[PDB]
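Below is one structure, written out as structure tokens; comments come after it.
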Amino acid sequence: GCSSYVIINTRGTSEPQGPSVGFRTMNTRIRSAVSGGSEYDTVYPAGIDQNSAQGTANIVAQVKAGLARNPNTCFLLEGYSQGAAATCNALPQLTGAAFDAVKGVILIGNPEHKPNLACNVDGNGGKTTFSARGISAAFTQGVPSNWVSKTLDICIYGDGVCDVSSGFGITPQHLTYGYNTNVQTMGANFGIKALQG
Ligand code: NA
């Protein structure tokens with residue numbers, strides 16, 4: 001059980017610099033159930049930059065800075081949209097102690113969504129987006145094999161960002177994760193169990 005943890009939250013699109021709309025509810029439940037938490041909101045020019053390399057670097061730096069403060073610090077990594085891509089890009093850079101410290105990765109509307117990974121669920125926890133390809137999947141690696149068992153990759157059916165077969169680009173579905181009640185429940189239960197286990 002993690003006594004001290006950081007929720008690293010990497011936002012999307014044109015969300016303002018601050019907590020993403022996508023995780024607000026599940027985080028209230030995680031922080032309420034598991035003492036010792038804090039939130040770091042990844043600094044990067046979301047919807048203003050050419051890419052998210054800055055977001056990836058700040059995810060990696062905050063994991064390393066937290067472990068330096070307290071080597072038993074745990075992490076949950078959360079990414080929405082371009083922030084889910086930036087989170088996926090961080091995963092290969094988090095090795096040994098830094099890998100062991102990250103207890104769970106929650107992705108919503110992931111542009112790097114990859115077909116047939118065990119972490120893939122839809123908004124209702126089923127398989128309607130299980131084999132889906134994300135809009136960035138042809139050019140990126142998505143969730144590496146060694147991260148699948150601690151990842152939850154939620155793709156709402158009709159979200160063209162994580163499932164190119166059910167929508168073209170940013171579809172209204174892409175915008176709905178923060179007020180999807182089963183998304184928030186799945187995220188909260190995954191994060192609580194990751195930190196307590
Ligand atoms: Na769905």
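Just so we're on the same page: first chain in the structure tokens is A, next is B, and so on; residues restart at 1 for each chain, and ligands are numbered from 1 in the order they show up.
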Show me, as a short mmCIF file (atom, residue, chain, number, x, y, z; two decimals) with N, CA, C and O atoms, in the first residue's frame, the residues that have an atom within 12 Å of region 67-70 of chain A when counting only C-alpha atoms, minus same-chain residues fewer than 2 positions from it.
```
data_model
loop_
_atom_site.label_atom_id
_atom_site.label_comp_id
_atom_site.auth_asym_id
_atom_site.auth_seq_id
_atom_site.Cartn_x
_atom_site.Cartn_y
_atom_site.Cartn_z
N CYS A 2 0.56 2.19 -0.91
CA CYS A 2 1.29 3.47 -1.12
C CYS A 2 0.82 4.47 -0.07
O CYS A 2 -0.39 4.66 0.03
N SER A 3 1.75 5.04 0.70
CA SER A 3 1.46 6.01 1.80
C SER A 3 1.55 7.42 1.25
O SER A 3 1.01 8.35 1.88
N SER A 4 2.27 7.56 0.14
CA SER A 4 2.62 8.83 -0.50
C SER A 4 2.57 8.62 -2.00
O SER A 4 3.21 7.68 -2.48
N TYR A 5 1.80 9.43 -2.71
CA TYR A 5 1.71 9.28 -4.17
C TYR A 5 1.45 10.61 -4.83
O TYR A 5 0.98 11.60 -4.20
N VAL A 6 1.75 10.61 -6.13
CA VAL A 6 1.45 11.77 -6.99
C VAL A 6 0.63 11.29 -8.17
O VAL A 6 1.01 10.34 -8.80
N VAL A 60 8.31 12.61 -16.99
CA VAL A 60 9.50 11.85 -16.56
C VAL A 60 10.18 12.63 -15.41
O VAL A 60 10.56 12.02 -14.40
N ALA A 61 10.34 13.94 -15.51
CA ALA A 61 11.07 14.70 -14.48
C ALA A 61 10.34 14.63 -13.16
O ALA A 61 10.99 14.56 -12.13
N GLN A 62 9.01 14.64 -13.15
CA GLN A 62 8.27 14.69 -11.85
C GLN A 62 8.32 13.31 -11.20
O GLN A 62 8.38 13.23 -9.95
N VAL A 63 8.36 12.24 -11.98
CA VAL A 63 8.52 10.89 -11.39
C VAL A 63 9.89 10.84 -10.70
O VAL A 63 9.95 10.42 -9.53
N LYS A 64 10.94 11.29 -11.39
CA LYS A 64 12.32 11.22 -10.87
C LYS A 64 12.46 12.16 -9.66
O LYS A 64 13.08 11.74 -8.65
N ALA A 65 11.83 13.33 -9.68
CA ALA A 65 11.92 14.34 -8.59
C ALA A 65 11.18 13.79 -7.35
O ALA A 65 11.68 13.93 -6.20
N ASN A 72 9.85 5.74 -1.88
CA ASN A 72 8.64 4.89 -1.84
C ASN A 72 7.44 5.67 -2.39
O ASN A 72 6.32 5.10 -2.35
N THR A 73 7.64 6.89 -2.90
CA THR A 73 6.55 7.64 -3.58
C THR A 73 5.99 6.80 -4.72
O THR A 73 6.79 6.29 -5.53
N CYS A 74 4.66 6.69 -4.82
CA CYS A 74 3.96 5.98 -5.92
C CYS A 74 3.43 7.00 -6.92
O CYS A 74 3.19 8.15 -6.52
N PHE A 75 3.13 6.58 -8.15
CA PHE A 75 2.57 7.48 -9.17
C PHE A 75 1.39 6.84 -9.87
O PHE A 75 1.44 5.61 -10.13
N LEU A 94 10.72 5.48 -18.57
CA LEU A 94 10.54 5.18 -17.13
C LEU A 94 10.93 3.73 -16.91
O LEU A 94 10.11 2.86 -17.20
N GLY A 96 13.44 0.65 -14.53
CA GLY A 96 13.90 0.22 -13.20
C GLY A 96 13.06 0.82 -12.09
O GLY A 96 11.83 0.61 -12.06
N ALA A 97 13.66 1.59 -11.18
CA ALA A 97 12.93 2.07 -9.98
C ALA A 97 11.75 2.96 -10.41
O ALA A 97 10.74 3.00 -9.71
N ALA A 98 11.91 3.71 -11.49
CA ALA A 98 10.91 4.71 -11.95
C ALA A 98 9.72 3.92 -12.52
O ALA A 98 8.55 4.31 -12.29
N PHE A 99 9.98 2.83 -13.24
CA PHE A 99 8.90 1.92 -13.69
C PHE A 99 8.18 1.34 -12.47
O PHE A 99 6.93 1.27 -12.47
N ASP A 100 8.94 0.89 -11.46
CA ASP A 100 8.35 0.15 -10.31
C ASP A 100 7.45 1.11 -9.53
O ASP A 100 6.49 0.66 -8.93
N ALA A 101 7.76 2.39 -9.54
CA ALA A 101 7.04 3.40 -8.75
C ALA A 101 5.69 3.72 -9.40
O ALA A 101 4.81 4.22 -8.68
N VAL A 102 5.59 3.59 -10.71
CA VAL A 102 4.32 3.93 -11.41
C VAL A 102 3.36 2.75 -11.24
O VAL A 102 3.65 1.65 -11.76
#
```
For residue 157 (chain A): contacts at 7 Å, only C-alpha atoms, fewer than 2 positions along chain excluded, given as a CSV table (one decimal) with N, CA, C and O atoms, in the first residue's frame:
```csv
chain,number,residue,atom,x,y,z
A,122,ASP,N,-13.9,-0.1,-23.6
A,122,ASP,CA,-14.7,1.1,-24.0
A,122,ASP,C,-15.3,1.8,-22.8
A,122,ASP,O,-15.0,1.4,-21.7
A,128,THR,N,-16.0,-3.0,-27.6
A,128,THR,CA,-16.4,-2.4,-28.8
A,128,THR,C,-15.3,-1.5,-29.5
A,128,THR,O,-15.5,-1.2,-30.6
A,129,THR,N,-14.2,-1.2,-28.7
A,129,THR,CA,-13.0,-0.5,-29.3
A,129,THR,C,-11.8,-1.3,-29.1
A,129,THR,O,-10.7,-0.7,-29.1
A,155,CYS,N,-11.4,3.9,-24.5
A,155,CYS,CA,-11.8,4.6,-25.8
A,155,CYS,C,-13.3,4.4,-26.0
A,155,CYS,O,-13.8,3.3,-26.1
A,159,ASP,N,-15.4,7.8,-30.8
A,159,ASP,CA,-14.2,8.7,-30.6
A,159,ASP,C,-13.2,8.5,-31.7
A,159,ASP,O,-12.4,7.5,-31.6
A,166,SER,N,-14.7,4.4,-36.1
A,166,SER,CA,-16.0,4.8,-35.6
A,166,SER,C,-16.2,6.3,-35.6
A,166,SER,O,-17.3,6.8,-35.2
```
Check your understanding: So which one's closest to ligand 1, A:162, A:91, A:34, A:195? Using only C-alpha atoms and all ligand atoms, please.
Key -> A:162
Check your understanding: Please, which residues have at least one atom within 12 Å of an atom of ligand 1, using only C-alpha atoms and all ligand atoms, listed as a ChimeraX atom specification?
Key -> /A:108-109,120-130,154-159,162-163,166,173-174,176-177,180-183
File of the preceding selection, C-alpha atoms, as an mmCIF file, in the first residue's frame:
```cif
data_model
loop_
_atom_site.group_PDB
_atom_site.id
_atom_site.type_symbol
_atom_site.label_atom_id
_atom_site.label_comp_id
_atom_site.auth_asym_id
_atom_site.auth_seq_id
_atom_site.Cartn_x
_atom_site.Cartn_y
_atom_site.Cartn_z
ATOM 1 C CA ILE A 108 -8.744 8.404 -22.230
ATOM 2 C CA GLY A 109 -9.169 9.193 -25.974
ATOM 3 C CA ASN A 120 -8.195 -1.580 -23.958
ATOM 4 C CA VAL A 121 -11.814 -1.079 -22.809
ATOM 5 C CA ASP A 122 -14.737 1.072 -24.045
ATOM 6 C CA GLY A 123 -16.763 3.593 -21.955
ATOM 7 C CA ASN A 124 -18.904 0.622 -20.679
ATOM 8 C CA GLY A 125 -15.847 -1.580 -19.961
ATOM 9 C CA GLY A 126 -16.484 -3.876 -22.984
ATOM 10 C CA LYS A 127 -14.725 -4.652 -26.255
ATOM 11 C CA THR A 128 -16.419 -2.351 -28.848
ATOM 12 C CA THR A 129 -13.049 -0.459 -29.284
ATOM 13 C CA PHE A 130 -10.740 -3.435 -28.352
ATOM 14 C CA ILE A 154 -10.449 3.775 -22.307
ATOM 15 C CA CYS A 155 -11.772 4.552 -25.822
ATOM 16 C CA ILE A 156 -15.428 5.682 -26.106
ATOM 17 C CA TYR A 157 -16.970 4.042 -29.202
ATOM 18 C CA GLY A 158 -17.360 6.868 -31.800
ATOM 19 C CA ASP A 159 -14.231 8.704 -30.580
ATOM 20 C CA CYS A 162 -8.713 6.499 -30.432
ATOM 21 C CA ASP A 163 -10.907 4.546 -32.929
ATOM 22 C CA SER A 166 -16.028 4.817 -35.581
ATOM 23 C CA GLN A 173 -17.649 11.568 -28.321
ATOM 24 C CA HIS A 174 -13.981 12.614 -27.686
ATOM 25 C CA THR A 176 -17.478 13.321 -23.095
ATOM 26 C CA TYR A 177 -15.037 11.330 -20.839
ATOM 27 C CA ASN A 180 -19.186 9.718 -18.491
ATOM 28 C CA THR A 181 -20.114 8.132 -15.106
ATOM 29 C CA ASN A 182 -18.819 4.594 -15.916
ATOM 30 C CA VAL A 183 -15.489 6.091 -17.205
#
```
Point to revise | residue 59 (chain A) surroundings by only C-alpha atoms, 12 Å radius, close-in-sequence under 6 positions cut, as a VMD selection string | key: chain A and resid 6 to 11 39 to 44 52 to 53 65 to 66 75 to 79 83 to 94 98 102 105
Using N, CA and C atoms, can you write the selected residues to a file as a short mmCIF file (atom, residue, chain, number, x, y, z; two decimals), in the first residue's frame?
```
data_model
loop_
_atom_site.label_atom_id
_atom_site.label_comp_id
_atom_site.auth_asym_id
_atom_site.auth_seq_id
_atom_site.Cartn_x
_atom_site.Cartn_y
_atom_site.Cartn_z
N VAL A 6 1.75 10.61 -6.13
CA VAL A 6 1.45 11.77 -6.99
C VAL A 6 0.63 11.29 -8.17
N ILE A 7 -0.47 11.96 -8.42
CA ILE A 7 -1.27 11.79 -9.65
C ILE A 7 -0.70 12.76 -10.67
N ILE A 8 -0.05 12.23 -11.70
CA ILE A 8 0.47 13.09 -12.79
C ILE A 8 -0.59 13.12 -13.88
N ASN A 9 -1.08 14.31 -14.18
CA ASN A 9 -2.30 14.55 -14.97
C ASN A 9 -1.90 15.34 -16.21
N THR A 10 -2.05 14.76 -17.38
CA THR A 10 -1.59 15.40 -18.62
C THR A 10 -2.81 15.61 -19.50
N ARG A 11 -3.12 16.88 -19.70
CA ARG A 11 -4.37 17.28 -20.37
C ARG A 11 -4.24 17.26 -21.89
N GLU A 39 -1.48 16.16 -6.63
CA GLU A 39 -1.66 16.16 -8.10
C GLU A 39 -0.62 17.07 -8.75
N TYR A 40 0.02 16.59 -9.81
CA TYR A 40 0.91 17.44 -10.64
C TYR A 40 0.23 17.52 -11.99
N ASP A 41 -0.01 18.74 -12.44
CA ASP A 41 -0.63 19.00 -13.76
C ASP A 41 0.48 19.31 -14.76
N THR A 42 0.71 18.40 -15.69
CA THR A 42 1.86 18.46 -16.59
C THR A 42 1.90 19.79 -17.32
N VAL A 43 3.04 20.48 -17.24
CA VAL A 43 3.18 21.78 -17.96
C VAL A 43 3.64 21.52 -19.40
N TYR A 44 2.80 21.87 -20.36
CA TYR A 44 3.16 21.84 -21.80
C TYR A 44 2.11 22.63 -22.57
N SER A 52 4.12 17.34 -28.13
CA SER A 52 3.98 17.24 -26.66
C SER A 52 5.29 16.78 -25.99
N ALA A 53 6.46 16.92 -26.64
CA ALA A 53 7.77 16.48 -26.11
C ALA A 53 8.04 17.10 -24.73
N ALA A 65 11.83 13.33 -9.68
CA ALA A 65 11.92 14.34 -8.59
C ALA A 65 11.18 13.79 -7.35
N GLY A 66 10.01 13.20 -7.56
CA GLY A 66 9.27 12.56 -6.45
C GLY A 66 10.08 11.44 -5.81
N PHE A 75 3.13 6.58 -8.15
CA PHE A 75 2.57 7.48 -9.17
C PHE A 75 1.39 6.84 -9.87
N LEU A 76 0.37 7.64 -10.17
CA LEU A 76 -0.61 7.30 -11.24
C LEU A 76 -0.38 8.27 -12.40
N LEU A 77 -0.26 7.79 -13.63
CA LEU A 77 -0.13 8.68 -14.79
C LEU A 77 -1.47 8.71 -15.52
N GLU A 78 -1.98 9.89 -15.76
CA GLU A 78 -3.28 10.11 -16.44
C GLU A 78 -3.01 10.95 -17.68
N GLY A 79 -3.57 10.57 -18.81
CA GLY A 79 -3.43 11.34 -20.05
C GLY A 79 -4.70 11.32 -20.85
N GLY A 83 -2.39 14.56 -24.43
CA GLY A 83 -1.77 14.18 -23.14
C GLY A 83 -1.66 12.67 -22.96
N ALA A 84 -2.54 11.87 -23.56
CA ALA A 84 -2.40 10.40 -23.55
C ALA A 84 -1.24 9.98 -24.44
N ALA A 85 -1.08 10.62 -25.60
CA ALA A 85 0.11 10.41 -26.46
C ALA A 85 1.35 10.76 -25.67
N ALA A 86 1.36 11.92 -25.01
CA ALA A 86 2.57 12.36 -24.28
C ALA A 86 2.87 11.36 -23.16
N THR A 87 1.85 10.78 -22.55
CA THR A 87 2.02 9.80 -21.47
C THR A 87 2.60 8.49 -22.03
N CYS A 88 2.04 8.00 -23.13
CA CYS A 88 2.57 6.81 -23.85
C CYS A 88 4.05 7.05 -24.16
N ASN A 89 4.41 8.24 -24.66
CA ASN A 89 5.80 8.54 -25.07
C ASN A 89 6.72 8.51 -23.84
N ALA A 90 6.21 8.79 -22.64
CA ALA A 90 7.02 8.79 -21.41
C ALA A 90 7.34 7.34 -20.98
N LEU A 91 6.47 6.39 -21.31
CA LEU A 91 6.55 5.05 -20.67
C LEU A 91 7.90 4.36 -20.93
N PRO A 92 8.47 4.37 -22.15
CA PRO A 92 9.78 3.75 -22.38
C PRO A 92 10.95 4.42 -21.66
N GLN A 93 10.75 5.66 -21.22
CA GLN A 93 11.77 6.46 -20.52
C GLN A 93 11.71 6.22 -19.02
N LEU A 94 10.72 5.48 -18.57
CA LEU A 94 10.54 5.18 -17.13
C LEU A 94 10.93 3.73 -16.91
N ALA A 98 11.91 3.71 -11.49
CA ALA A 98 10.91 4.71 -11.95
C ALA A 98 9.72 3.92 -12.52
N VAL A 102 5.59 3.59 -10.71
CA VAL A 102 4.32 3.93 -11.41
C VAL A 102 3.36 2.75 -11.24
N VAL A 105 -1.55 3.47 -15.09
CA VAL A 105 -1.60 4.47 -16.19
C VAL A 105 -3.04 4.44 -16.71
#
```
Exercise for review: May I have the residues within 9 Å of region 184-186 of chain A as a list in words, using only C-alpha atoms and disregarding those fewer than 4 positions away in the same chain?
Suggested key: residues 22, 23, 24, 25, 26, 27, 29, 123, 124, 125, 152, 177, 178, 179, 180, 190 and 191 of chain A
Residues of the last selection are to be written out with N, CA, C and O atoms, as a PDB file, in the first residue's frame.
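Below you can see out_10.pdb, which holds the result:
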```pdb
ATOM      1  N   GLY A  22     -11.052  15.595 -17.886  1.00  0.00           N
ATOM      2  CA  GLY A  22     -11.299  14.169 -18.142  1.00  0.00           C
ATOM      3  C   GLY A  22     -11.204  13.304 -16.907  1.00  0.00           C
ATOM      4  O   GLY A  22     -11.718  12.194 -16.938  1.00  0.00           O
ATOM      5  N   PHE A  23     -10.528  13.758 -15.864  1.00  0.00           N
ATOM      6  CA  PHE A  23     -10.229  12.891 -14.705  1.00  0.00           C
ATOM      7  C   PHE A  23     -10.761  13.494 -13.418  1.00  0.00           C
ATOM      8  O   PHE A  23     -10.425  12.944 -12.314  1.00  0.00           O
ATOM      9  N   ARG A  24     -11.529  14.573 -13.493  1.00  0.00           N
ATOM     10  CA  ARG A  24     -11.771  15.339 -12.237  1.00  0.00           C
ATOM     11  C   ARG A  24     -12.476  14.434 -11.238  1.00  0.00           C
ATOM     12  O   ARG A  24     -12.047  14.376 -10.080  1.00  0.00           O
ATOM     13  N   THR A  25     -13.541  13.760 -11.664  1.00  0.00           N
ATOM     14  CA  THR A  25     -14.365  12.993 -10.710  1.00  0.00           C
ATOM     15  C   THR A  25     -13.555  11.812 -10.160  1.00  0.00           C
ATOM     16  O   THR A  25     -13.527  11.618  -8.947  1.00  0.00           O
ATOM     17  N   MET A  26     -12.944  11.022 -11.027  1.00  0.00           N
ATOM     18  CA  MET A  26     -12.245   9.824 -10.544  1.00  0.00           C
ATOM     19  C   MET A  26     -11.168  10.273  -9.568  1.00  0.00           C
ATOM     20  O   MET A  26     -10.952   9.566  -8.614  1.00  0.00           O
ATOM     21  N   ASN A  27     -10.530  11.426  -9.786  1.00  0.00           N
ATOM     22  CA  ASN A  27      -9.424  11.835  -8.877  1.00  0.00           C
ATOM     23  C   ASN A  27     -10.015  12.167  -7.505  1.00  0.00           C
ATOM     24  O   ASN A  27      -9.355  11.894  -6.518  1.00  0.00           O
ATOM     25  N   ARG A  29     -12.348  10.714  -6.027  1.00  0.00           N
ATOM     26  CA  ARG A  29     -12.618   9.414  -5.383  1.00  0.00           C
ATOM     27  C   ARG A  29     -11.295   8.777  -4.964  1.00  0.00           C
ATOM     28  O   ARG A  29     -11.281   8.205  -3.890  1.00  0.00           O
ATOM     29  N   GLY A 123     -16.163   2.786 -23.026  1.00  0.00           N
ATOM     30  CA  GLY A 123     -16.763   3.593 -21.955  1.00  0.00           C
ATOM     31  C   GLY A 123     -17.549   2.732 -20.990  1.00  0.00           C
ATOM     32  O   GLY A 123     -17.649   3.148 -19.840  1.00  0.00           O
ATOM     33  N   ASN A 124     -18.111   1.611 -21.470  1.00  0.00           N
ATOM     34  CA  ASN A 124     -18.904   0.622 -20.679  1.00  0.00           C
ATOM     35  C   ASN A 124     -18.052  -0.574 -20.267  1.00  0.00           C
ATOM     36  O   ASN A 124     -18.614  -1.522 -19.708  1.00  0.00           O
ATOM     37  N   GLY A 125     -16.743  -0.534 -20.466  1.00  0.00           N
ATOM     38  CA  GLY A 125     -15.847  -1.580 -19.961  1.00  0.00           C
ATOM     39  C   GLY A 125     -15.808  -2.810 -20.856  1.00  0.00           C
ATOM     40  O   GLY A 125     -15.086  -3.788 -20.469  1.00  0.00           O
ATOM     41  N   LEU A 152      -4.882   1.171 -18.165  1.00  0.00           N
ATOM     42  CA  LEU A 152      -6.321   1.191 -18.491  1.00  0.00           C
ATOM     43  C   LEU A 152      -6.478   2.207 -19.620  1.00  0.00           C
ATOM     44  O   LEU A 152      -6.286   3.402 -19.341  1.00  0.00           O
ATOM     45  N   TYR A 177     -15.577  12.251 -21.882  1.00  0.00           N
ATOM     46  CA  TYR A 177     -15.037  11.330 -20.839  1.00  0.00           C
ATOM     47  C   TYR A 177     -15.257  11.875 -19.423  1.00  0.00           C
ATOM     48  O   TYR A 177     -15.591  11.075 -18.574  1.00  0.00           O
ATOM     49  N   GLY A 178     -15.086  13.177 -19.180  1.00  0.00           N
ATOM     50  CA  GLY A 178     -15.227  13.750 -17.814  1.00  0.00           C
ATOM     51  C   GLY A 178     -16.629  13.597 -17.252  1.00  0.00           C
ATOM     52  O   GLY A 178     -16.773  13.369 -16.039  1.00  0.00           O
ATOM     53  N   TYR A 179     -17.657  13.607 -18.092  1.00  0.00           N
ATOM     54  CA  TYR A 179     -19.022  13.430 -17.550  1.00  0.00           C
ATOM     55  C   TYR A 179     -19.609  12.086 -17.940  1.00  0.00           C
ATOM     56  O   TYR A 179     -20.807  11.908 -17.727  1.00  0.00           O
ATOM     57  N   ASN A 180     -18.770  11.124 -18.319  1.00  0.00           N
ATOM     58  CA  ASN A 180     -19.186   9.718 -18.491  1.00  0.00           C
ATOM     59  C   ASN A 180     -19.045   9.008 -17.143  1.00  0.00           C
ATOM     60  O   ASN A 180     -17.917   8.868 -16.645  1.00  0.00           O
ATOM     61  N   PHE A 190      -9.750   1.475 -10.653  1.00  0.00           N
ATOM     62  CA  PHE A 190      -8.415   1.063 -11.129  1.00  0.00           C
ATOM     63  C   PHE A 190      -7.334   1.787 -10.309  1.00  0.00           C
ATOM     64  O   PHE A 190      -6.396   1.121  -9.858  1.00  0.00           O
ATOM     65  N   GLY A 191      -7.443   3.109 -10.140  1.00  0.00           N
ATOM     66  CA  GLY A 191      -6.405   3.910  -9.453  1.00  0.00           C
ATOM     67  C   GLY A 191      -6.341   3.550  -7.991  1.00  0.00           C
ATOM     68  O   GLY A 191      -5.225   3.419  -7.420  1.00  0.00           O
TER      69      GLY A 191
END
```
Check your understanding: Got a sec: who's within 8 Å of residue 165 (chain A), counting only C-alpha atoms, leaving out chain neighbours fewer than 5 positions off, as number ranges by chain?
Key -> A: 132-133, 160
Review point. Between A:20, A:81, A:136, A:151, which is the closest to residue 171 (chain A) once you count only C-alpha atoms?
Key: A:81
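Separating CA of residue 17 (chain A) from CA of residue 144 (chain A) is a distance of 27.4 Å.
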Review point. Taking the backbone alone, and naming residues the way the document does, which bits of region 18-170 of chain A are helix (DSSP H, G or I) by DSSP, as a ChimeraX atom specification?
Key: /A:21-33,53-69,82-93,96-101,137-139,145-150
Output C-alpha atoms for every residue in that selection, as a JSON list (two decimals), in the first residue's frame.
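Below is the file that was written, result36.json:
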```
[["chain", "number", "residue", "atom", "x", "y", "z"],
["A", 21, "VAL", "CA", -11.77, 17.88, -17.33],
["A", 22, "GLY", "CA", -11.30, 14.17, -18.14],
["A", 23, "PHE", "CA", -10.23, 12.89, -14.71],
["A", 24, "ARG", "CA", -11.77, 15.34, -12.24],
["A", 25, "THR", "CA", -14.37, 12.99, -10.71],
["A", 26, "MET", "CA", -12.25, 9.82, -10.54],
["A", 27, "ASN", "CA", -9.42, 11.83, -8.88],
["A", 28, "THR", "CA", -11.78, 13.10, -6.10],
["A", 29, "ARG", "CA", -12.62, 9.41, -5.38],
["A", 30, "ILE", "CA", -8.95, 8.26, -5.51],
["A", 31, "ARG", "CA", -7.80, 11.12, -3.22],
["A", 32, "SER", "CA", -10.76, 10.41, -0.82],
["A", 33, "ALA", "CA", -10.04, 6.63, -0.59],
["A", 53, "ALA", "CA", 7.77, 16.48, -26.11],
["A", 54, "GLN", "CA", 7.72, 19.11, -23.30],
["A", 55, "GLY", "CA", 4.83, 17.26, -21.59],
["A", 56, "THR", "CA", 6.68, 13.92, -21.87],
["A", 57, "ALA", "CA", 9.82, 15.48, -20.38],
["A", 58, "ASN", "CA", 7.88, 16.97, -17.43],
["A", 59, "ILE", "CA", 6.10, 13.60, -16.74],
["A", 60, "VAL", "CA", 9.50, 11.85, -16.56],
["A", 61, "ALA", "CA", 11.07, 14.70, -14.48],
["A", 62, "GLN", "CA", 8.27, 14.69, -11.85],
["A", 63, "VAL", "CA", 8.52, 10.89, -11.39],
["A", 64, "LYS", "CA", 12.32, 11.22, -10.87],
["A", 65, "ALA", "CA", 11.92, 14.34, -8.59],
["A", 66, "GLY", "CA", 9.27, 12.56, -6.45],
["A", 67, "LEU", "CA", 11.48, 9.45, -6.04],
["A", 68, "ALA", "CA", 14.41, 11.68, -5.00],
["A", 69, "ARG", "CA", 12.14, 13.30, -2.33],
["A", 82, "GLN", "CA", -2.54, 14.70, -26.88],
["A", 83, "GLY", "CA", -1.77, 14.18, -23.14],
["A", 84, "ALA", "CA", -2.40, 10.40, -23.55],
["A", 85, "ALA", "CA", 0.11, 10.41, -26.46],
["A", 86, "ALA", "CA", 2.57, 12.36, -24.28],
["A", 87, "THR", "CA", 2.02, 9.80, -21.47],
["A", 88, "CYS", "CA", 2.57, 6.81, -23.85],
["A", 89, "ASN", "CA", 5.80, 8.54, -25.07],
["A", 90, "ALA", "CA", 7.02, 8.79, -21.41],
["A", 91, "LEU", "CA", 6.55, 5.05, -20.67],
["A", 92, "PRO", "CA", 9.78, 3.75, -22.38],
["A", 93, "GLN", "CA", 11.77, 6.46, -20.52],
["A", 96, "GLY", "CA", 13.90, 0.22, -13.20],
["A", 97, "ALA", "CA", 12.93, 2.07, -9.98],
["A", 98, "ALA", "CA", 10.91, 4.71, -11.95],
["A", 99, "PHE", "CA", 8.90, 1.92, -13.69],
["A", 100, "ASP", "CA", 8.35, 0.15, -10.31],
["A", 101, "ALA", "CA", 7.04, 3.40, -8.75],
["A", 137, "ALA", "CA", -1.16, 4.63, -34.26],
["A", 138, "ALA", "CA", 0.61, 4.43, -37.70],
["A", 139, "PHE", "CA", 3.41, 6.78, -36.46],
["A", 145, "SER", "CA", 4.30, -4.49, -23.93],
["A", 146, "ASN", "CA", 5.78, -4.19, -20.38],
["A", 147, "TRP", "CA", 3.18, -1.46, -19.41],
["A", 148, "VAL", "CA", -0.05, -3.17, -20.63],
["A", 149, "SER", "CA", -0.58, -4.99, -17.26],
["A", 150, "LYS", "CA", -0.69, -1.62, -15.35]]
```
Review point. Can you list, as a ChimeraX atom specification, every residue of region 16-93 of chain A that DSSP puts in strand (DSSP E or B)?
Key: /A:39-41,74-80
Output C-alpha atoms for every residue in that selection, as a short mmCIF file (atom, residue, chain, number, x, y, z; two decimals), in the first residue's frame.
```
data_model
loop_
_atom_site.label_atom_id
_atom_site.label_comp_id
_atom_site.auth_asym_id
_atom_site.auth_seq_id
_atom_site.Cartn_x
_atom_site.Cartn_y
_atom_site.Cartn_z
CA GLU A 39 -1.66 16.16 -8.10
CA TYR A 40 0.91 17.44 -10.64
CA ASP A 41 -0.63 19.00 -13.76
CA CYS A 74 3.96 5.98 -5.92
CA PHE A 75 2.57 7.48 -9.17
CA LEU A 76 -0.61 7.30 -11.24
CA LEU A 77 -0.13 8.68 -14.79
CA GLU A 78 -3.28 10.11 -16.44
CA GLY A 79 -3.43 11.34 -20.05
CA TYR A 80 -6.31 12.68 -22.22
#
```
